[PDB]
Amino acid sequence: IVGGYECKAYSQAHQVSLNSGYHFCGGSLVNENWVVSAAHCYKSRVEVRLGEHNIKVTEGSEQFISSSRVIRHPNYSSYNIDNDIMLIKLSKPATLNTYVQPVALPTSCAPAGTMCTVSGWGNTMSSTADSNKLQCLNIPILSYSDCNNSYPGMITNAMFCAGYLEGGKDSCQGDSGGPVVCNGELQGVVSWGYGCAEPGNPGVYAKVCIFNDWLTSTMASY
Ligand SMILES: [Ca+2]
């Protein structure tokens, strides 16, 4: 997260760290057994760390659970990073408490102008911002025209832009797979962008509201 603020410890209870010897992506707990991330974060096996604030310090709030299965969207395509969503089945259910809570899947798509929160342990491009403690950022959803203008012809129906065309504030590498929460629901998944927090290069997110049929269909296929 570039230009954000350190989140109030555990204010983002659904936030998870994806770890394979080190933090490499984020994810969102959507229920006791499932995590939503980015298909570009795919690994056949990962350890999901819940209840985290400072990933480098044991706090007593964490839960480490290995995955029983990692399922990328059947239509994911890397050359254009389309359908950049993945489901992770936990090997054992998370324990919900003061530190671990799921985030609800969107009923409907949020329109342009909606103010949202993005969080993560990715690069902050700041000496002063410690990526080891969860960073938060409020970003507005951009219009389709501003989005397509920024990345001509590269925006599909499974993407939306959010952030600031002037730059300075954005998600960054390491934040990928993380949540974009708007009015208490998971609207996006940190996906891609050109650089981080650069003028004219807003962040691009996977558009969760068009994947609801696939998501629920899969969560019912345990
Ligand atoms: Ca910790």
Once amide H atoms are built 1.01 Å from N in the peptide plane, which residues 5 or more positions from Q187, or in another chain, come under 5 Å H to H?
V180, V181, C182
Starting from the Cα of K92, draw a straight line to each of the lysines and keep only those under 25 Å, dropping any in the same chain fewer than 8 residues away.
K43, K56
Helix-derived [θ] at 222 nm for the chain: sum -39500 (n - 2.57) over DSSP H runs of at least 4, divide by residue count, nearest 500?
-2000 deg cm²/dmol
Sort the range 124-222 into rounded, prolate or oblate with this rule: let a ≥ b ≥ c be the square roots of the eigenvalues of the Cα gyration tensor; rounded if a/c is under 1.5, and if a/c is not under 1.5, prolate when a/b is larger than b/c, oblate otherwise.
oblate
Where nothing but the Cβ of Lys and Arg (+1) and of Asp and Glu (-1) is charged, how large is the charge dipole of the range 113-198 around its Cα centre, in debye to the nearest 20?
100 debye
Mind checking the dipole of the chain: about its Cα centre, +1 per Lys or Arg Cβ, -1 per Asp or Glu Cβ, Debye to the nearest 20?
540 debye
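Looking at the square roots a ≥ b ≥ c of the eigenvalues of the Cα gyration tensor of the range 64-124, which shape do they give, rounded for a/c under 1.5, prolate if a/b is larger than b/c, or oblate? Could the numbers behind the result be given before it?
On the way: a/c = 1.67, a/b = 1.14, b/c = 1.47.
Here the range 64-124 falls in the oblate category.
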Which value in nm describes the separation of the simple spin-label points at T114 and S11, placed 7 Å from the Cα toward the beta carbon?
2.0 nm
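How big is the Rg/Rh ratio for the chain, C-alpha atoms only, Rh by Kirkwood, two decimals?
On the way: Rg = 15.8 Å, Rh = 16.9 Å.
Ratio value, two decimals: 0.93.
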Roughly how many whole Å is it from the C-alpha centroid of the range 5-50 to that of the range 106-182?
17 Å
Taking only C-alpha pairs under 8 Å that are 6+ residues apart, what is the relative contact order of the chain in percent?
25 percent
Taking only the alpha-carbon atoms of the range 1-104, what semi-axes of the equivalent ellipsoid follow from 5 times the gyration tensor eigenvalues under a square root, in whole Å, largest first?
22, 16, 13
Comparing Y79, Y151, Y99 in a Gaussian network model of the chain (Cα, 10 Å), the one with the largest mean-square fluctuation is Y79
Put +1 on the Cβ of each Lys and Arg and -1 on the Cβ of each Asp and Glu in the chain; which of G4, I155, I71 then has its Cα farthest toward the positive end of the dipole?
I71
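Could you list the trypsin sites (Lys or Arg not before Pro) in the range 1-99 that lie in coil according to DSSP, counting only those with at most 16 other Cβ atoms within 10 Å of their Cβ? Each step should come with its number before you reach the end.
Details: sites: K8, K43, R45, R49, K56, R69, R72, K89; in loops: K8, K43, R45, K56.
Passing sites in the range 1-99 are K8, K43, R45, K56.
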Can you list the HN-Hα couplings for the range 16-25, worked out from phi with the Karplus curve (6.51, -1.76, 1.60; θ = phi - 60°), rounded to whole Hz and with x for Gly and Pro?
10, 9, 9, 10, 9, x, 5, 5, 10, 7
What number, in percent, do you get for the relative contact order of the range 124-196 if the mean sequence gap of Cα pairs under 8 Å and at least 6 apart is divided by its residue count?
22 percent
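Don't worry about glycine lacking a Cβ; one is built from the backbone with ideal geometry, like all the others, and counts go over all protein chains shown. Any read-out appearing in this document is the output of simple, stated calculations on the displayed coordinates, not a laboratory observation.
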